[PDB]
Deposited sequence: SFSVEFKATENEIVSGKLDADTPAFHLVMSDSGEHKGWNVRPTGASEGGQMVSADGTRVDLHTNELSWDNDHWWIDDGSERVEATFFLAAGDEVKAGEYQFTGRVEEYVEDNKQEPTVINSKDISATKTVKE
């Protein structure tokens, strides 16, 4: 009954300084079974909380739906479904590229009971 969906968002991003908080990824973590909360842990290139392009350029990710603890996002949410959007901050100077985020989702109980890798790429146009 545990499922995750992680996709790049539909909004178009162009290189240059962002006027506004700009959506990049959307995440959905589901389970109707009893649980305490979730972890979203960056992996590989994306460690630190970044999306990373082919040449290695990094862009920080932010979410208003999840808390952060040193190196990963977390939330105590026992509902059947949690959603989170990861956005780029306003004022960030972003270069063109195909930026990939990799990470591992973890469901925990009042102890991790389910985990799964996520991976998505968002385009920044020139």
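*Asks:* When the deposited sequence is counted from residue 1, which ranges lack any model?
*Replies:* Model skips only 111 to 116 of the deposited chain.
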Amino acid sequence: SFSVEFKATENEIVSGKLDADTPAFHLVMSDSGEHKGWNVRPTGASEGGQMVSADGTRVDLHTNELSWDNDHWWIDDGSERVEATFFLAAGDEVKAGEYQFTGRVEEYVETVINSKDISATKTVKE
From here on, numbers count along this sequence of modelled residues.
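*Asks:* Taking the mean of the C-alpha B-factors per stretch from the entry, tell me the winner out of 8 to 16 and 112 to 120.
*Replies:* According to the entry, 8 to 16 carries the higher average C-alpha B-factor.
*Asks:* Would you please rank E47 by its C-alpha temperature factor against the other modelled residues of its chain and give the third it falls in: lowest, middle or highest?
*Replies:* It falls in the bottom third of the chain.
*Asks:* Split the chain's modelled residues into thirds by Cα B-factor; is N64 in the lowest, middle or highest one?
*Replies:* Middle third of the chain for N64's C-alpha B-factor.
*Asks:* Going by the recorded CA B-factors, say which third of the chain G37 sits in, lowest, middle or highest.
*Replies:* Its C-alpha B-factor belongs to the lowest third of this chain's values.
*Asks:* Check where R81 lands among this chain's C-alpha B-factors and tell me if it's the lowest, middle or highest third.
*Replies:* For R81, whose C-alpha B-factor we compare with every modelled residue in the chain, the answer is the highest third.
*Asks:* Based on the deposited C-alpha B factors for this chain, I'd like to know if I75 is in the lowest, middle or highest third.
*Replies:* CA B-factor rank for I75: lowest third.
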